[PDB]
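Just entry.txt here, compact mmCIF, N, CA, C and O atoms:
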# COMPACT_ATOMS: atom_id res chain seq x y z
N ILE A 103 -7.33 86.45 -30.65
CA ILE A 103 -6.58 85.36 -30.05
C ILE A 103 -6.11 85.76 -28.65
O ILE A 103 -5.02 86.32 -28.49
N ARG A 104 -6.93 85.46 -27.65
CA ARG A 104 -6.66 85.82 -26.27
C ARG A 104 -6.83 84.60 -25.38
O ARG A 104 -7.85 83.92 -25.45
N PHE A 105 -5.82 84.33 -24.55
CA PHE A 105 -5.90 83.21 -23.62
C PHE A 105 -6.97 83.47 -22.56
O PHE A 105 -7.24 84.62 -22.19
N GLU A 106 -7.57 82.39 -22.08
CA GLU A 106 -8.63 82.51 -21.09
C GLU A 106 -8.71 81.21 -20.30
O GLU A 106 -8.27 80.15 -20.76
N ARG A 107 -9.28 81.31 -19.09
CA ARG A 107 -9.43 80.16 -18.20
C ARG A 107 -10.60 79.31 -18.69
O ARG A 107 -11.71 79.33 -18.15
N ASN A 108 -10.33 78.54 -19.75
CA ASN A 108 -11.32 77.65 -20.34
C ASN A 108 -11.10 76.19 -19.95
O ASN A 108 -11.67 75.29 -20.58
N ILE A 109 -10.29 75.94 -18.92
CA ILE A 109 -10.00 74.58 -18.46
C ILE A 109 -10.54 74.48 -17.04
O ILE A 109 -9.87 74.86 -16.07
N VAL A 110 -11.76 73.97 -16.90
CA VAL A 110 -12.41 73.81 -15.61
C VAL A 110 -12.42 72.32 -15.28
O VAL A 110 -13.09 71.53 -15.96
N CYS A 111 -11.67 71.94 -14.26
CA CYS A 111 -11.56 70.55 -13.83
C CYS A 111 -12.35 70.36 -12.54
O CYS A 111 -12.23 71.15 -11.61
N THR A 112 -13.16 69.30 -12.50
CA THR A 112 -13.95 68.95 -11.33
C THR A 112 -13.79 67.47 -11.03
O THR A 112 -13.75 66.64 -11.94
N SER A 113 -13.68 67.14 -9.74
CA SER A 113 -13.51 65.76 -9.31
C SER A 113 -14.78 64.95 -9.55
O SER A 113 -14.88 64.21 -10.53
N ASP A 120 -19.15 50.58 -1.36
CA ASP A 120 -19.85 51.80 -0.96
C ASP A 120 -21.25 51.82 -1.57
O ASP A 120 -22.16 52.45 -1.02
N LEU A 121 -21.41 51.14 -2.71
CA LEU A 121 -22.70 51.04 -3.38
C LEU A 121 -23.79 50.60 -2.41
O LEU A 121 -24.68 51.38 -2.09
N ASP A 122 -23.71 49.36 -1.91
CA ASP A 122 -24.61 48.91 -0.85
C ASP A 122 -23.90 47.80 -0.08
O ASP A 122 -23.93 46.65 -0.49
N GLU A 123 -23.30 48.13 1.06
CA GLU A 123 -22.70 47.08 1.86
C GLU A 123 -23.79 46.30 2.60
O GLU A 123 -24.86 46.82 2.90
N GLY A 124 -23.50 45.04 2.91
CA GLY A 124 -24.48 44.27 3.65
C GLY A 124 -24.02 42.86 3.92
O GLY A 124 -22.94 42.44 3.48
N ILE A 125 -24.85 42.14 4.66
CA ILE A 125 -24.61 40.75 5.00
C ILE A 125 -25.41 39.88 4.04
O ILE A 125 -26.56 40.19 3.70
N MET A 126 -24.79 38.78 3.59
CA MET A 126 -25.40 37.90 2.61
C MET A 126 -25.36 36.46 3.12
O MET A 126 -24.40 36.05 3.77
N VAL A 127 -26.43 35.71 2.84
CA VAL A 127 -26.46 34.28 3.12
C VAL A 127 -26.99 33.56 1.88
O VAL A 127 -28.07 33.90 1.39
N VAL A 128 -26.24 32.58 1.39
CA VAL A 128 -26.54 31.93 0.12
C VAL A 128 -26.98 30.50 0.41
O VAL A 128 -26.24 29.73 1.04
N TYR A 129 -28.18 30.17 -0.05
CA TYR A 129 -28.78 28.85 0.04
C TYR A 129 -28.81 28.21 -1.34
O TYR A 129 -29.09 28.88 -2.34
N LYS A 130 -28.52 26.91 -1.39
CA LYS A 130 -28.54 26.15 -2.62
C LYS A 130 -29.78 25.27 -2.67
O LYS A 130 -30.43 25.01 -1.65
N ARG A 131 -30.11 24.81 -3.88
CA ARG A 131 -31.25 23.92 -4.06
C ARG A 131 -30.89 22.52 -3.60
O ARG A 131 -29.90 21.94 -4.05
N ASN A 132 -31.70 21.97 -2.69
CA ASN A 132 -31.41 20.67 -2.13
C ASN A 132 -31.64 19.57 -3.16
O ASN A 132 -32.66 19.56 -3.85
N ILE A 133 -30.68 18.66 -3.27
CA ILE A 133 -30.76 17.55 -4.22
C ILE A 133 -30.82 16.19 -3.54
O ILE A 133 -31.08 15.19 -4.23
N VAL A 134 -30.57 16.12 -2.23
CA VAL A 134 -30.59 14.84 -1.54
C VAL A 134 -31.98 14.23 -1.62
O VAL A 134 -32.99 14.91 -1.38
N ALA A 135 -32.04 12.95 -1.96
CA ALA A 135 -33.32 12.24 -2.06
C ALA A 135 -33.85 11.91 -0.67
O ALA A 135 -33.10 11.51 0.22
N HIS A 136 -35.16 12.08 -0.49
CA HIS A 136 -35.79 11.81 0.79
C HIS A 136 -35.76 10.32 1.09
O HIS A 136 -36.26 9.51 0.31
N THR A 137 -35.16 9.96 2.23
CA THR A 137 -34.97 8.57 2.61
C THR A 137 -35.84 8.25 3.82
O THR A 137 -35.72 8.89 4.86
N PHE A 138 -36.72 7.26 3.67
CA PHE A 138 -37.58 6.79 4.75
C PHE A 138 -37.50 5.27 4.84
O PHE A 138 -36.86 4.61 4.01
N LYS A 139 -38.16 4.71 5.85
CA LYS A 139 -38.08 3.29 6.15
C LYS A 139 -39.29 2.55 5.59
O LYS A 139 -40.43 3.01 5.72
N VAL A 140 -39.03 1.40 4.97
CA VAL A 140 -40.06 0.59 4.32
C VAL A 140 -39.96 -0.83 4.84
O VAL A 140 -38.87 -1.41 4.90
N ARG A 141 -41.11 -1.40 5.23
CA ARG A 141 -41.20 -2.78 5.67
C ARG A 141 -41.83 -3.63 4.58
O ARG A 141 -42.80 -3.21 3.94
N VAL A 142 -41.28 -4.82 4.37
CA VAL A 142 -41.70 -5.71 3.29
C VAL A 142 -41.99 -7.08 3.89
O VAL A 142 -41.06 -7.83 4.22
N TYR A 143 -43.27 -7.42 4.04
CA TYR A 143 -43.68 -8.73 4.51
C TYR A 143 -43.88 -9.68 3.33
O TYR A 143 -44.47 -9.30 2.32
N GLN A 144 -43.39 -10.91 3.47
CA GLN A 144 -43.53 -11.90 2.42
C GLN A 144 -43.28 -13.29 2.98
O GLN A 144 -42.57 -13.45 3.98
N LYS A 145 -43.88 -14.29 2.34
CA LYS A 145 -43.70 -15.69 2.70
C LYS A 145 -42.95 -16.42 1.59
O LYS A 145 -43.16 -16.13 0.40
N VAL A 146 -42.09 -17.35 1.97
CA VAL A 146 -41.32 -18.16 1.03
C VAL A 146 -41.83 -19.59 1.09
O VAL A 146 -41.72 -20.25 2.14
N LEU A 147 -42.38 -20.08 -0.02
CA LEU A 147 -42.85 -21.45 -0.12
C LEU A 147 -41.92 -22.22 -1.05
O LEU A 147 -41.78 -21.86 -2.23
N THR A 148 -41.28 -23.26 -0.53
CA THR A 148 -40.26 -24.01 -1.25
C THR A 148 -40.63 -25.49 -1.28
O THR A 148 -40.82 -26.10 -0.22
N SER B 640 15.27 79.65 7.14
CA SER B 640 14.60 78.59 6.39
C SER B 640 13.12 78.49 6.70
O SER B 640 12.52 77.43 6.49
N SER B 641 12.51 79.56 7.21
CA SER B 641 11.08 79.59 7.51
C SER B 641 10.26 80.27 6.43
O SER B 641 9.04 80.38 6.57
N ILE B 642 10.90 80.73 5.35
CA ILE B 642 10.19 81.40 4.26
C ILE B 642 9.25 80.47 3.50
O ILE B 642 8.49 80.95 2.65
N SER B 643 9.32 79.16 3.76
CA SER B 643 8.40 78.16 3.22
C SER B 643 8.69 77.87 1.76
O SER B 643 9.51 78.55 1.13
N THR B 644 8.03 76.85 1.21
CA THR B 644 8.28 76.41 -0.16
C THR B 644 6.97 76.24 -0.92
O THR B 644 5.91 76.65 -0.43
N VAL B 645 7.03 75.63 -2.10
CA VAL B 645 5.86 75.43 -2.95
C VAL B 645 5.78 73.96 -3.31
O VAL B 645 6.73 73.40 -3.88
N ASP B 646 4.65 73.33 -2.99
CA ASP B 646 4.42 71.92 -3.31
C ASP B 646 3.67 71.85 -4.64
O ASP B 646 2.46 71.67 -4.71
N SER B 647 4.44 71.99 -5.73
CA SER B 647 3.86 72.03 -7.07
C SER B 647 3.60 70.64 -7.64
O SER B 647 3.00 70.54 -8.71
N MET B 648 4.04 69.58 -6.96
CA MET B 648 3.87 68.24 -7.49
C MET B 648 2.39 67.85 -7.47
O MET B 648 1.71 68.00 -6.45
N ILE B 649 1.89 67.36 -8.60
CA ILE B 649 0.52 66.89 -8.71
C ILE B 649 0.52 65.41 -8.38
O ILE B 649 1.05 64.59 -9.14
N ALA B 650 -0.09 65.05 -7.25
CA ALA B 650 -0.04 63.67 -6.79
C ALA B 650 -0.81 62.76 -7.74
O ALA B 650 -1.96 63.04 -8.09
N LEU B 651 -0.18 61.67 -8.15
CA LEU B 651 -0.79 60.64 -8.98
C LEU B 651 -0.46 59.26 -8.41
O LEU B 651 -0.04 58.35 -9.12
N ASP B 652 -0.64 59.11 -7.11
CA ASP B 652 -0.39 57.84 -6.45
C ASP B 652 -1.52 56.88 -6.77
O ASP B 652 -2.64 57.03 -6.25
N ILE B 653 -1.25 55.89 -7.62
CA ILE B 653 -2.23 54.89 -8.00
C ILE B 653 -1.88 53.60 -7.28
O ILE B 653 -0.81 53.02 -7.50
N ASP B 654 -2.78 53.14 -6.41
CA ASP B 654 -2.51 51.95 -5.62
C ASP B 654 -2.47 50.72 -6.53
O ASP B 654 -3.27 50.60 -7.45
N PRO B 655 -1.53 49.80 -6.29
CA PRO B 655 -1.50 48.58 -7.09
C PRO B 655 -2.71 47.70 -6.82
O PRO B 655 -3.30 47.74 -5.74
N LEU B 656 -3.07 46.90 -7.82
CA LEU B 656 -4.20 45.99 -7.68
C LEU B 656 -3.83 44.86 -6.74
O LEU B 656 -2.84 44.15 -6.97
N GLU B 657 -4.61 44.68 -5.68
CA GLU B 657 -4.30 43.68 -4.67
C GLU B 657 -4.46 42.27 -5.24
O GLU B 657 -5.31 42.01 -6.10
N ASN B 658 -3.63 41.36 -4.74
CA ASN B 658 -3.65 39.99 -5.21
C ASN B 658 -4.88 39.26 -4.69
O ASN B 658 -5.37 39.54 -3.59
N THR B 659 -5.38 38.33 -5.49
CA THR B 659 -6.58 37.56 -5.15
C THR B 659 -6.33 36.09 -5.45
O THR B 659 -6.10 35.72 -6.60
N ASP B 660 -6.38 35.27 -4.40
CA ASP B 660 -6.25 33.82 -4.54
C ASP B 660 -7.65 33.24 -4.65
O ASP B 660 -8.38 33.15 -3.66
N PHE B 661 -8.04 32.85 -5.87
CA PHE B 661 -9.39 32.39 -6.11
C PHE B 661 -9.63 31.04 -5.43
O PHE B 661 -8.81 30.12 -5.55
N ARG B 662 -10.75 30.93 -4.73
CA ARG B 662 -11.11 29.68 -4.07
C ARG B 662 -11.64 28.68 -5.08
O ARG B 662 -12.21 29.04 -6.11
N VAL B 663 -11.45 27.40 -4.77
CA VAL B 663 -12.06 26.32 -5.56
C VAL B 663 -13.40 26.02 -4.89
O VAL B 663 -13.54 25.13 -4.05
N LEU B 664 -14.40 26.81 -5.26
CA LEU B 664 -15.72 26.66 -4.66
C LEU B 664 -16.36 25.34 -5.07
O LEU B 664 -16.31 24.94 -6.24
N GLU B 665 -16.98 24.67 -4.10
CA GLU B 665 -17.67 23.41 -4.33
C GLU B 665 -19.08 23.53 -3.77
O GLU B 665 -19.26 23.72 -2.57
N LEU B 666 -20.08 23.43 -4.65
CA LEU B 666 -21.46 23.60 -4.22
C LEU B 666 -21.97 22.34 -3.53
O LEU B 666 -22.36 22.38 -2.35
N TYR B 667 -21.98 21.22 -4.24
CA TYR B 667 -22.42 19.94 -3.70
C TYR B 667 -21.21 19.03 -3.52
O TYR B 667 -20.42 18.84 -4.45
N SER B 668 -21.08 18.47 -2.32
CA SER B 668 -20.03 17.50 -2.07
C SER B 668 -20.35 16.19 -2.79
O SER B 668 -21.47 15.95 -3.24
N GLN B 669 -19.33 15.33 -2.90
CA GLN B 669 -19.51 14.07 -3.60
C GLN B 669 -20.54 13.18 -2.92
O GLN B 669 -21.24 12.41 -3.59
N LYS B 670 -20.65 13.28 -1.59
CA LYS B 670 -21.66 12.50 -0.88
C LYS B 670 -23.07 12.88 -1.31
O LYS B 670 -23.91 12.01 -1.56
N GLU B 671 -23.34 14.18 -1.43
CA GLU B 671 -24.66 14.62 -1.88
C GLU B 671 -24.91 14.22 -3.33
O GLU B 671 -26.03 13.85 -3.70
N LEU B 672 -23.87 14.30 -4.17
CA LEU B 672 -24.02 13.90 -5.56
C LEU B 672 -24.36 12.42 -5.68
O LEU B 672 -25.17 12.03 -6.52
N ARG B 673 -23.75 11.58 -4.84
CA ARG B 673 -24.09 10.17 -4.85
C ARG B 673 -25.45 9.91 -4.21
O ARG B 673 -26.13 8.94 -4.57
N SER B 674 -25.87 10.75 -3.27
CA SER B 674 -27.14 10.58 -2.59
C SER B 674 -28.29 11.28 -3.29
O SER B 674 -29.41 11.28 -2.77
N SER B 675 -28.05 11.89 -4.45
CA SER B 675 -29.09 12.59 -5.20
C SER B 675 -29.76 11.71 -6.25
O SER B 675 -30.20 12.22 -7.29
N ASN B 676 -29.84 10.40 -6.01
CA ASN B 676 -30.38 9.46 -6.98
C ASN B 676 -31.46 8.61 -6.32
O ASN B 676 -31.30 8.16 -5.19
N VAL B 677 -32.56 8.40 -7.05
CA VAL B 677 -33.59 7.47 -6.58
C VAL B 677 -33.06 6.05 -6.59
O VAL B 677 -33.32 5.27 -5.67
N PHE B 678 -32.32 5.68 -7.64
CA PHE B 678 -31.73 4.36 -7.78
C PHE B 678 -30.22 4.46 -7.67
O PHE B 678 -29.60 5.29 -8.35
N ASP B 679 -29.63 3.63 -6.83
CA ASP B 679 -28.18 3.50 -6.74
C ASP B 679 -27.79 2.12 -7.27
O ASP B 679 -28.38 1.11 -6.88
N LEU B 680 -26.78 2.09 -8.14
CA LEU B 680 -26.42 0.84 -8.80
C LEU B 680 -25.73 -0.12 -7.85
O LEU B 680 -25.96 -1.33 -7.89
N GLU B 681 -24.86 0.41 -6.97
CA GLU B 681 -24.15 -0.45 -6.04
C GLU B 681 -25.11 -1.16 -5.09
O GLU B 681 -24.96 -2.36 -4.82
N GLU B 682 -26.11 -0.43 -4.57
CA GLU B 682 -27.09 -1.05 -3.69
C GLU B 682 -27.88 -2.14 -4.41
O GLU B 682 -28.10 -3.22 -3.86
N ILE B 683 -28.31 -1.86 -5.64
CA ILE B 683 -29.07 -2.84 -6.41
C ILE B 683 -28.24 -4.10 -6.63
O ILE B 683 -28.73 -5.23 -6.45
N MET B 684 -26.98 -3.93 -7.02
CA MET B 684 -26.13 -5.08 -7.26
C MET B 684 -25.86 -5.86 -5.98
O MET B 684 -25.83 -7.10 -6.00
N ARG B 685 -25.66 -5.16 -4.86
CA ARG B 685 -25.44 -5.85 -3.59
C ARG B 685 -26.67 -6.65 -3.19
O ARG B 685 -26.55 -7.78 -2.70
N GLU B 686 -27.87 -6.09 -3.38
CA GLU B 686 -29.08 -6.81 -3.04
C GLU B 686 -29.28 -8.02 -3.94
O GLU B 686 -29.70 -9.09 -3.48
N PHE B 687 -28.99 -7.87 -5.24
CA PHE B 687 -29.06 -9.01 -6.15
C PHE B 687 -28.08 -10.10 -5.75
O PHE B 687 -28.42 -11.29 -5.77
N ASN B 688 -26.86 -9.71 -5.38
CA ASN B 688 -25.86 -10.68 -4.96
C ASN B 688 -26.30 -11.41 -3.69
O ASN B 688 -26.13 -12.62 -3.57
Write the structure described by the file as structure tokens, please.
Amino acid sequence: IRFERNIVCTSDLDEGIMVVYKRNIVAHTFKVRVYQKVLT
Amino acid sequence: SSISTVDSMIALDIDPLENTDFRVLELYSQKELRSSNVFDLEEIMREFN
């Protein structure tokens, strides 16, 4: 029974710039012409 | 008083957890949500009227 130094004590990931894009949901809007005649 | 001293204190300074005010993140605005439809009911009803 002899004491001894058996206690040995010993003691940022990826920084960066980020840009986040979402999935576009707006419906595509274009111009439509409708020709027609009215007979009354 | 130059004989010096002994700093036997084992430092255990644990920084407090900083406060965080969570944002109310909004991905799509209400305008995009209303514009994300092939058919709009208000337009159809207005044209019928």
Inset, instruction - Determine which residues of chain A sit within 5 Å of chain B, taking into account all atoms listed in the file, and present them as a count of residues only. - result: 3
Legend entry - Separation of CA of residue 145 in chain A from atom O of residue 686 in chain B in Å: 16.7 Å
Legend entry - Point-to-point distance from CA of residue 647 in chain B to CA of residue 106 in chain A, Å rounded to tenths: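 CA of residue 106 in chain A lies 21.5 Å from CA of residue 647 in chain B.
If you look at CA of residue 669 in chain B and CA of residue 683 in chain B, they are 19.6 Å away from each other.
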